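Okay, so we've got the same protein chain twice, two forms, each given alone as structure tokens, structure 1 and structure 2.
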Structure 1
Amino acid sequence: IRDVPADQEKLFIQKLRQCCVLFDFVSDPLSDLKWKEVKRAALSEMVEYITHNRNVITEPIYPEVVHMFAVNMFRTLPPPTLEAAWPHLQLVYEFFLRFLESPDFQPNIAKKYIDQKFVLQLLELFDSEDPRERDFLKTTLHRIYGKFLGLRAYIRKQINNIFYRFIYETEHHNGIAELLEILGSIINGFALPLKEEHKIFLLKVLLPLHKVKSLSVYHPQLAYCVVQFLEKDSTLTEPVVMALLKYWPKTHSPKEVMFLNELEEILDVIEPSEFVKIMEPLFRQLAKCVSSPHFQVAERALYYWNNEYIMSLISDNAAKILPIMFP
């Protein structure tokens, strides 16, 4: 129908609208090959254009883009289960991304279309089971957070919600890892002194994430977020450490490696006055770990001895830690 360079944006719009036509990859895969290819081409064209030429990029093309994304991406998901529509969706995501981070981007213009409802429909998508979709969503929400001051609170509050239902209500997610990476970056940007709502979020939501059985899928990102709280406000270290010692697997187990890991990362940046408050209960847990029957645990606990910082902490508080290092 159309032809790919005769100046105008009138045909650039026409290409975007061509790409709102949605194809069936799931029931019939041998279906509409020729046209899937036209669409899947026009996307691949539209990426190059936006990612190599400059001022195209005008009031009129902002809604076309945002509709184009929404019509392709905002849909109910299947029952690791990969996306059949990836030949299209990859380029949809690649495009939007390059569009959001284009140097000609006017957030002040895109805010009429990328609104609170848009964000909500994006967050739903994080429950996809296709990891490289969850990867594009991560980066995308991150760009949206960074460039739309008007949406930051809303995004923060909605992420909090997804963690809430993941833990208390039945609902599972498997996009927690990705959302927590976005949270790490949100935490770095909080004003000091920390608003109380963030301190509540830490004790009421972040710390309890250490308890859901699928911890291992997101634990490094969980660890990063807790450590970042403590870098903002070391006054939180006591309840945080005690929470981890509370949720510490009381049965001997190989997931203990992850707690040892996280504790060493807290210990890496701990304040001396904060350490003394938790050293006794902390080192009693390590006593157990050193003598674990699970080889990996003893070793991981024993590896603290390579940490010069921890060794000097032990050494500054020897009178009180020594009796705890075997009787």
Structure 2
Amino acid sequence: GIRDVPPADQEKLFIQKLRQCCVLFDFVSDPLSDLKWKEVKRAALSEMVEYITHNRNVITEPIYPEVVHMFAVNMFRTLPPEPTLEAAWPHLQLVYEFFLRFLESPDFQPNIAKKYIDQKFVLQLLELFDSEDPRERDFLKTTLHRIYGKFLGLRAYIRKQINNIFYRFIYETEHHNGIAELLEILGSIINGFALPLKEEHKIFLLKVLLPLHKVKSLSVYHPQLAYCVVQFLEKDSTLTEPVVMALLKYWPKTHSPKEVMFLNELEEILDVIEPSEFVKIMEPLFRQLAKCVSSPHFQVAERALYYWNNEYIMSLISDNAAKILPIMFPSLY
């Protein structure tokens, strides 16, 4: 290991390995090519992971630019046009692992690192969320979460650029492989919002999160989206009417199994709803619920019927029985 040469020589050798790992190998054209050198690079990456994991005061000031340059050269690249996996994963996996341990080390000083981990770095990182490889997206997700946490100065930039990605997805391409992972990061951020909610965030709910419900591939990221929406209503109950009315607007207009995820989101909203907000939206909500109960899709009908077994929802229905019963049972009440 690096640990086994004299302490005077260790930084030099560490830098030397980081630079060797800037050599890039092709795993696609000829997959049996250069196996000896590929292994040399894998072992060097693995050695550097161990070295920063098991030693202290080894991330010195000259290490920072070398680490960031090594990451960039390996990771910032044009992406190709069940899932398609990244053939270079045997190396990229270890670069992600090492960079993560770099960020999480007790030696790590954000006041030094911020000179190299900047808006440009975050821009290029965020482009990689469109990777087809779910393992890459998973490492990216964790990495960006760590960066957002440790770099206060980058937080506004990260939020804005995720919004740019979301806007292009909604209004242009309707195709992006990592919406779910980005919403997962946003969920953790929304949960930490202070009160009262900044106007920036309410705009983000109303202009970004709600319109995400209209994109045809919604089912891929819907659980993560619902979680973000519910967190907003736990923070500020006065946003209930615009959220519920928008959800009702985006509700499928043919009977569909996709209504199941809409019923899930809506029940999760009702679980945190205030009685006075409930009365505002109960009539349109239960008109939709009545249609779902009568759905010719068995799973939709059953799913809607379960609302009656939610004790809290039933207490709200029962306190407003005179207005809700005639909607749920027109030929009776």
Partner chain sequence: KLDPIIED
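Numbers follow structure 1, counted from its first residue as 1. Just so we're on the same page, rigid core means the largest C-alpha set that superposes within 1.5 Å between forms.
> Pick the form deposited without its partner chain out of these two and give me its number.
Note: form deposited without its partner chain is structure 1; the other is not.
> In a superposition on the rigid core, which residue from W86, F190, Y113, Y164 has a CA displacement reaching 2 Å or more between the two structures?
Shifted by 2 Å or more: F190 only.
> Align on the rigid core first, then pass along the CA displacement of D316 between the two structures in angstrom.
Once the two forms are fitted on their core, the shift reads 1.2 Å.
> I need the CA movement of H142 between the two structures once the rigid core is aligned, reported in Å.
Displacement of the C-alpha, rigid core superposed: 0.4 Å.
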